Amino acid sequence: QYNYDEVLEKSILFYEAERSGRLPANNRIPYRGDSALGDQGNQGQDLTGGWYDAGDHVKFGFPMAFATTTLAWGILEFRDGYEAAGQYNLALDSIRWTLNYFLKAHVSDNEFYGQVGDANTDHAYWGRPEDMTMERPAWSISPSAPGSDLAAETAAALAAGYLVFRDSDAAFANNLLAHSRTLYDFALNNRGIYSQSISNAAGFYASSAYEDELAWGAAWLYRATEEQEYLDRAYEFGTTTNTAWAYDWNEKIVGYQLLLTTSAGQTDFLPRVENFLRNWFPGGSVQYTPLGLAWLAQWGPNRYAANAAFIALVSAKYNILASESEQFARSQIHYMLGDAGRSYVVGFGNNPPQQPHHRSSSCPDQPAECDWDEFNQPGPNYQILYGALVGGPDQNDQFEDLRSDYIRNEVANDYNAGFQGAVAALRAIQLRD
């Protein structure tokens, strides 16, 4: 009913359109060029690369890392689906981009750059990333500026990256794992909330707690190394009694619960995984729009539902409530692909969103001017931002498709992270069935 190969191709193109830094010779996004080549640490350390977080040009390390961990997990679990779609090598290239940035950002054992760009001055600008001239400060976490959440999430992404790459690029993968170990030790021994230490982040990606990141990073390092000390750390900071509200960049609870249940064969966490799934299934504790979207909140409902669908499809692969998980997950992804009458994936399907809240796609082809006129103009973004999952409709399925609707027309790295893995899982089920 939907071409998952095309969805996967375009989702990876969305991430490619988010790239910062010096772009490769085989860049597939024609309107994007080199940008932010001056991004650097306080001692001149190269910090070029990474992804712009959303429709802005800030490099927010916390969601960037979580998006990478979630994408890597889906590549591991649904490799068969990526392979069948012809998108496996492109998916690896996709997250190689951010993994390389995390390596650059880890300038020493106990210092990690967690943001480049002042979000206040960045968001006051509307124009191309290639045309930026404002100062782009860089801030780090360190013993004097702890960030156990940011550091452990990045350690999780690096450990997941080690697992993804170790059978094709061992030198790269081994470097990722070494930095994962070091960053996780840093997170454990220098405790605090990264968005208190990098205060510019608190208006955008404020972390509510870091203990779930500590359990998540431990669970990933246990998968990567099989060393008992990490499994111990996962039980130390993990919960067997609380059920996650959502799976997202702030809350890792059901992520590590499921990871420990499936990869590590632990049984203590399975009841909380099943609680989460049943809370999201029809008849649970998450309201559905009339036309069938599981709608947790006005803030990126597609993101929350796609994240839950991803969790459900990993669960199904390990035969946890498989039938209900697959039906629920498929219903949510298919809503986003166009079941309610329009696609919510830019550049895909029937009547996709035309005005994503996204600077570079809002600009006409070079050398035309791009400024706030292009924010306000009432027609479609000049460039098609293939693959971007928009925030989504209100609770009554309504969607105005206006660039100024910074809630419903938002796009972001984390919006696509669970979504893309869920699509690969659905492609994989087609091979099975």
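The first residue of the shown sequence is 1; numbering continues from there.
Quick one: higher average CA temperature factor, 280 to 288 or 343 to 351? Higher of the two, by average CA B-factor, is 280 to 288.
Higher mean Cα B-factor in the deposited model: 67 to 75 or 198 to 206? Going by the record's values, the stretch with the higher mean is 198 to 206.
Given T241, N307, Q332, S360, the residue at which the Cα B factor reaches its maximum: Comparing C-alpha B-factors across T241, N307, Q332, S360, the maximum falls on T241.
Per the PDB entry, which option out of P146, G127, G255, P137 has the greatest Cα B factor? Of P146, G127, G255, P137, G127 has the highest C-alpha B-factor.
Would you please rank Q377 by its C-alpha temperature factor against the other modelled residues of its chain and give the third it falls in: lowest, middle or highest? CA B-factor rank for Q377: middle third.
Sort the modelled residues of this chain by their C-alpha B factor and say whether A187 lands in the lowest, middle or highest third. It falls in the bottom third of the chain.
Ranked by Cα temperature factor within the chain, is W249 in the lowest third, the middle third or the highest third? Ranked within chain, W249 CA B lands in the lowest tercile.
When the modelled residues of the chain are sorted by Cα temperature factor, does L99 land in the lowest, middle or highest third? As the PDB entry reports it, the C-alpha B-factor of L99 lands in the lowest third of its chain.
Quick one: classify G338 as lowest, middle or highest third of the chain based on its Cα B-factor. Ranked within chain, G338 CA B lands in the middle tercile.
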